[PDB]
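>>> Take a look and give me a structure for this.
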Amino acid sequence: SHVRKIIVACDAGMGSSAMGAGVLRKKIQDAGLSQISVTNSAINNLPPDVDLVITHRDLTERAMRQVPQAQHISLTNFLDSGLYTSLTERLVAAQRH
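Numbers count the residues shown, from 1 in each chain. The relevant structure is shown in the block below.
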């Protein structure tokens, strides 16, 4: 049971979904974590095997519901680089640990 799956979901499964996925994906690849996979999909579609779910706070309630047993991270803004940076550092820390 290793956390390696990160998926971004929103009500459109596309709009903000695309940018969030791309940025996170790039950082993960840069960190040499080829073992971690990144994809995006609509909220209505989230595999129960997902370990990490990243969505906008406005829709985090929904994702939690589908899988309240999963790990959810809420965003505030689409280009909130500060939040993205913090989250990335954290995941890296959790990866080693």
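>>> Could you look up the SS state of the residue positioned nearest the centre of the chain?
When CA atoms, centre = their mean is applied to the chain, the residue found nearest the centroid is residue 54 (3.2 Å). Here residue 54 is recorded as strand under DSSP: H, G, I helix; E, B strand; the rest coil.
>>> Please apply the same query to residue 94.
helix.
>>> The residue nearest to it when sequence neighbours are not counted: how many residues sit nearby?
Leaving aside its sequence neighbours, residue 94 sits nearest to residue 3 (CB to CB, 6 or more residues apart in numbering; 6.9 Å). Bear in mind the C-beta positions are built from the backbone N, C-alpha and C, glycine included. By the criterion of other CB atoms under 10 Å, residue 3 has 13 neighbours.
>>> In three-state terms, label residue 3 for me.
coil.
>>> Isn't it up against residue 49?
No: with contact defined as CB atoms under 8 Å, residue 3 does not reach residue 49; the gap is 11.4 Å.
>>> now the strands: where do they sit in the chain?
5-8, 37-40, 52-56, 71-75 (DSSP state E).
>>> can I get these in a markdown table with distance to residue 31?
Converted to a markdown table, those look like this (distance: least, CB to CB, whole Å):
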| stretch | distance to residue 31 |
| --- | --- |
| strand 5-8 | 12 |
| strand 37-40 | 12 |
| strand 52-56 | 15 |
| strand 71-75 | 17 |
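>>> which ones are touching the residue lying closest to residue 9 once chain neighbours are set aside?
Spatial nearest neighbour of residue 9, chain neighbours left out: residue 43 (4.5 Å); criterion: CB to CB, 6+ apart. Contacts for residue 43 (CB atoms under 8 Å, 6 or more residues apart in numbering) come out as 9, 10, 11, 13, 55, 59, 62, 63, 66.
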